[PDB]
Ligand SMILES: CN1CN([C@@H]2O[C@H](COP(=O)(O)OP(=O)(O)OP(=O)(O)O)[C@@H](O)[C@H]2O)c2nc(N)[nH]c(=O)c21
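Single chain ahead, by itself, as C-alpha cells, in the form deposited without the named molecule.
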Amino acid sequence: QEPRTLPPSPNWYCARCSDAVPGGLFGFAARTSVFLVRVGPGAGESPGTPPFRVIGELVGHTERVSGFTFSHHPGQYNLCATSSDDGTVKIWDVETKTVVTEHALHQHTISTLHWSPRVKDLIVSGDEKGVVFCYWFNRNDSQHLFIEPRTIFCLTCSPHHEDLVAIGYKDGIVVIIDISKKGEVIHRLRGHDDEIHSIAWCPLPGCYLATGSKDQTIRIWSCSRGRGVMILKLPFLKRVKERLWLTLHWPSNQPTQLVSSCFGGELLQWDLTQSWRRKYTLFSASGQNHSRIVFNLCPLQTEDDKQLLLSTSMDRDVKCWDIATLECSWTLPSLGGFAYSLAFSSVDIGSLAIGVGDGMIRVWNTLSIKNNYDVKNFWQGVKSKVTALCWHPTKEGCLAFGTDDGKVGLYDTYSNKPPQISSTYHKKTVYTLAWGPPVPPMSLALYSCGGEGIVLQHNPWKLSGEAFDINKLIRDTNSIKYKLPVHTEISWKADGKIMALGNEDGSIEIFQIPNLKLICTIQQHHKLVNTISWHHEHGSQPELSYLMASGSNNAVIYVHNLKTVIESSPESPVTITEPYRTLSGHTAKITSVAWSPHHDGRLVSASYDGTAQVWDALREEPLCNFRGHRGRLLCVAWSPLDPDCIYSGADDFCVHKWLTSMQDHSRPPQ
C-alpha cells in the first residue's frame, strides 16, 4: 500500500549535485531531474525496514542537472537551487515542487553552484569559463565575477564569512575571493597538481580549509597564514590506472575528523588530531561498500538526532551511512537506462525482472520484509540494451532475455553463471520473448520476435542449436506462398493451445497448436502492433480467457473475443473486422497492455503519451490514469500480490510502483 520509485542514477563527475537538510530530506541530481528522499523517523516507514522513502522529483530542466544545493537557513530549509547544462539556475520550493524563480545569467556551461550559508537569498554559481555569478533572489540582484581564465570544478561559500567564497579549478589551483571586493583574490592556494574535486571549510572559526584533488592528496590550508598546514595521501587498500574522485565531508559534530572518498569508492574517516600518525579508518570494516568511486557525501541529521551520511557513486547506488558505527544503514539502487521491460515470474512470486538500457538486468525481490529496494544485478552476457524479458513459466530462476543487438540469452537467476546465449541472432532488436509449446520440426520452447519481423523458435536446452524460423511451418501447414507479413509481436494463449502473432501492417493472426494452422485473421489495427495480451484463465466467467487485448502505433486499444472462432477450428481461415471492445483515450502509441490477475476484464495500458491508464475493459470504462512518469512508458506489469498495485517503466530511466486507488485522474490528458 506504499508507492516505490526506482530512480535514475545520480549524475557523475559533479562536485555538488546532491545535498540534504535536517529533518530527513535528501536531494540528488539524476539525469535532468532532482530526486527528493525523506530519510529518518519522518519517512513513516514500517519497522524493520530502512527508514527512507522517495517522495518527490524536481521536473523542469531541459538538460543534465550539474549542481544542486539546499538552503540551510532555519525556516528556509524547503528552498533549494539547481544548475543545468541548459544554462539556467533555478530556485525551487520542495513543498510545492515548483520553480520559485530562475536565471540564465551564465554564458557558458555551469560547473557547480552553492547556496550561501550566511545570506538567505544568495546563491553563487560558476562556469567552466571561470565566470562566477552571485545571485540574490529576493530582489533579483546579480554580480558578475571573473577571477581567473581557468575551468572551475567546485566552489564553496565560507560558513562564517558572507563575503568569502572558495573556488577550486581543473588545474589544481584554489583561490579565495571576497564578494564585496568584486571577487578580489584574498588568498591563492598553490600545492595541488591536479583538478580540485571538493573544498570543505572547517566548521569552527579560527580559518582552516580542506581540499581534495585528483592528485590523490587532501590538503588543509590556513586562511590566516595563506598556506597549507597538513597534507594527507590517500592510502592503497585491498579489494591500469584507477579512477578517483576525492570529495570531503567535514562533520560539525567532530571538528577533529575528516571524511573523504578513496579509490574504488572506499570511504575514510581521518583523525586530524593524530596528524603525524596520519590515522584513517575504513568505513564498513566488515560488500556494503561502494564498488566504484564516490562523487558526493551528504550529512543528514534525523529528528531522532541520528547522524547519517549519504554517498553517491559511479556504481549507481545511493548509500546511507550511520556515522557512529561507520556502517551502511541502507542502499538505494538506480537505473542507468530506459526501463524497456518488466516481467513477473510465475514460479517465484514477487521476483520482477527489469530490462534496462544500460545493459544490465535487475531482479527486484518485491516480497522482501526487510528491504524495499532489494535488487540483484545481472550484467554478464548482456552488454547490450535489454529490450525483452520473459520468465520461465515452470522453472524458477530461469530468465530469458533479448537485446537491442538481436541477441537472445537464457539466464539462471539463482546461479552466478553467465547466461547461455542462443547461437542464432536476430538481425534487428528483439521486441518480445514468449514461452510456448514446441512446433515442428522441434517441453517448452522459447520464441523470439525480431524487429526485422522474423519469429524464431530456439531449443532452450540446446541454445547452441540452430533456431527454427516459424514462417516455414506457417507456409507448409497452411499452403501459403505469398510473402508472410513481418511479425512485431508474439503472444501465447494461457492454455498454450493458441499462438497470436501481430504484424507490421497492423493485422493479427491466430494459429492452432499442433502445426500452426491459421484459424483466424484480425484486421482492427492500421499500424504496427506493439503488444498483444491474452486474459488469464481463472475468472468468474470461463469464456473470459478468450479475450485478447491489442496495442499498436495507433492510440486506440482493441479487445477481441475469440471463443466463437477458436471453438469452431474452421478448415478455412476466418477474418474478424469488428472488435469486441474498444478502449479509446490515449494520445500516442501503445507500448504494452496487461490484464489484471486479480480482476475479471481489467486492463492496464502503457502509452507514448507518458501515462498509464487502467480500464474496465468489459464496460469500456477508464478507471484511472497514472501520470507520474516524466517520459514515454515502455512497459506495465500488474502486481501479482496486490490488486491495486502496478509497475510501469519509461524512457525517463524510472520504474514506478503506484496504487490504482491513489490516482487523481480517471483518463489520459487531452
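Start at 1 and count along the sequence shown; that's the residue number.
Missing here is the form deposited with the named molecule bound; even so, the following discussion is about that form.
Asker: May I ask you to state whether residue 207 is within 4.5 Å of the named molecule in the deposited bound form, using heavy atom distances?
Answerer: Looking in the deposited bound form, residue contacts with the named molecule do not include residue 207, since no heavy atom lies within 4.5 Å.
Asker: Whether residue 489 contacts the named molecule in the deposited bound form should be assessed with a 4.5 Å heavy atom distance threshold; does it?
Answerer: Contact with the named molecule, yes.
Asker: How about residue 544: is it within 4.5 Å of the named molecule in the deposited bound form, going by heavy atoms?
Answerer: No.
Asker: Taking 4.5 angstroms as the cut-off for heavy atoms, does residue 451 touch the named molecule in the deposited bound form?
Answerer: Contact check for residue 451: yes, within 4.5 Å of the named molecule in the deposited bound form.
Asker: I need the one stretch from 244-252, 187-195, 536-544, 587-595 whose residues put non-hydrogen atoms within 4.5 angstroms of the named molecule in the deposited bound form.
Answerer: Result of the contact check: 587-595.
Asker: Let me know the one among 614, 634, 58, 37 whose heavy atoms come within 4.5 Å of the named molecule in the deposited bound form, would you?
Answerer: So the residue touching the named molecule in the deposited bound form, by this definition, is 634.
Asker: Would you kindly say which of 432, 403, 156, 422 lies with a heavy atom within 4.5 Å of the named molecule in the deposited bound form?
Answerer: Partner contact (heavy atom, 4.5 Å) among the options: 432.
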